[PDB]
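Form deposited in one PDB entry, single chain, as structure tokens, below.
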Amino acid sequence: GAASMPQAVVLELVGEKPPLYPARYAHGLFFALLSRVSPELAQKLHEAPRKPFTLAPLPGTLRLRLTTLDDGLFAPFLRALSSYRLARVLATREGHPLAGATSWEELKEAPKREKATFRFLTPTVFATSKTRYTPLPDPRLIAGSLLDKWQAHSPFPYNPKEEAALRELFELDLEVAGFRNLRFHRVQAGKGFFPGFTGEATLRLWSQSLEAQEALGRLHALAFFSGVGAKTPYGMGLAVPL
């Protein structure tokens, strides 16, 4: 088919009599709509440990944001489109600021940055195998997670030496320059519960380094689609570049 690329859409649900703590119901519903047309396709996903997507409720109307780094997978579904019914599918920025698509080429075209600010809309956490969970805006973990996602999914990965150079630059010269409205959360992400933070955080390069700045710009742009950290398929790590 045509070239795959990252995409985000916002599903607008309106409920006549909504439950008490609606966000929790994100999973049950997404599948319901998905299963309504194609019970079959819903199955592989509920079953799969291969989750090639992020799904998170936004903070009577409930908005569920879905993103993927591969266009192709949810295209048919997008074509198809309690007391919650589906009022709108917003697949454009015009429809919703958190919806839209961007090519990998465009992401690569992203302007270089000395500083990069992120708004973490849903609890965000980092998983390190020892599994340790870090619910803090560690600059190295934020950038490293984004770089992991880029290398895993981009058609334009950095080569090993570029990658290692970037990681060492991050380790050496990337600081958290500030944070705002930081809050601790503990939420269900799949079967278990995990700690995470929300709020805003700003990363800064101590360094003047073109390579690093360009990388930072690209990774900052990627976050809109990829999210940050662990459990992104389960509503966690929704991170908007500012």
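Here, rigid core means the biggest group of C-alpha atoms that superpose within 1.5 Å across both forms. All residue numbers are counted from 1 along the displayed sequence.
This next part talks about the form deposited in another entry, which is not shown.
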Notebook entry, point to check: So which one of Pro76, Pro155, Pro160, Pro111 actually moves, Cα shift of 2 Å or more between this form and the one not shown once the core is superposed?
Noted result: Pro76
Notebook entry, point to check: For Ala48, is the C-alpha shift between this form and the one not shown 2 Å or more after core superposition?
Noted result: yes
Next item on the list: Please say whether, between this form and the one not shown, the C-alpha of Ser35 moves by 2 Å or more once the core is aligned.
Entry: yes
Margin query: Superposing on the rigid core, is the Cα displacement of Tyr25 between this form and the one not shown 2 Å or more?
Written below: yes
Next item on the list: Answer with closer or farther for the CA-CA spacing of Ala48 and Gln188 in the other entry compared to the shown form; it moves by 3 Å or more.
Entry: farther
Next item on the list: Mind checking the CA-CA distance of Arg180 and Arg24 in the other entry? It differs by 3 Å or more from this form, so is it closer or farther?
Entry: farther
